[PDB]
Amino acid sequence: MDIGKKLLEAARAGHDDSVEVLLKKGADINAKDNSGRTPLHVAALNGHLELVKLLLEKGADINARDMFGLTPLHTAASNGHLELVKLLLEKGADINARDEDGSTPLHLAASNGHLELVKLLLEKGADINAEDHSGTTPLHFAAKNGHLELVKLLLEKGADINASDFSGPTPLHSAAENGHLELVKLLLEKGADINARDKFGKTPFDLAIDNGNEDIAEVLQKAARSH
């Protein structure tokens, strides 16, 4: 009889009484379903605050990751559960945790227009200009999804209004990528930007590595250290 599965279902449907019973029967409090979600994840999802208090006190992992790298805090913030987010932060949740796509809880809360929840996150030290793996910030999602007041807040709190993620490759990118060593040295001496990011957010150094250009990568690495 799979009691971990029963624990997960009870946690999701918010049956505190069944959760108590199953945990007493030795159910794994950090049992993971097929998507890697723990009882804490699914309880956080449906805003079951008291159940989350019980799970945390009984040893649930606050920073557990599902297969997408989402923490319970991600899910609570995404679904606009303010008090639940307060609780998670008080119990040691990582406010700048990033999922598989590089999204922070602030990203998700901004995307869904949860104004007060965003206020709380910023108060508790959320990075307002955090970029996901696509180089996009919470302000991008708030503007894209038409959350006007939320955009006002982000701008008031110092979000970059012209945040534009990455750029196209610079000449140093091209030279590094195509293994032109002497060209790379010339570009560096003439002041090319070693920190430039191409359309995937990559530096000339990353591209040198991707293409197996050991000598170029060393020269670029040396440049990085000098600064």
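Just count from 1 along the sequence shown to find any residue number.
Checked against the record, the higher mean CA B factor of 29-37 and 58-66 lies with 29-37.
The mean C-alpha temperature factor is higher for 7-15 when 7-15 and 204-212 are set side by side.
The entry lists C-alpha B-factors for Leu49, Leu187, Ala176, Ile161, and the highest of these is at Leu49. Per-chain ranking of the deposited C-alpha B factor places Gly102 in the lowest third.
For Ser111, the recorded CA temperature factor ranks within the middle third of the chain's modelled residues.
Ranked within its chain, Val42 lands in the middle third, by CA B factor from the PDB record. Ranked within its chain, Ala130 lands in the highest third, by CA B factor from the PDB record. In the deposited entry, the Cα temperature factor of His140 sits in the middle third of values across the chain's modelled residues.
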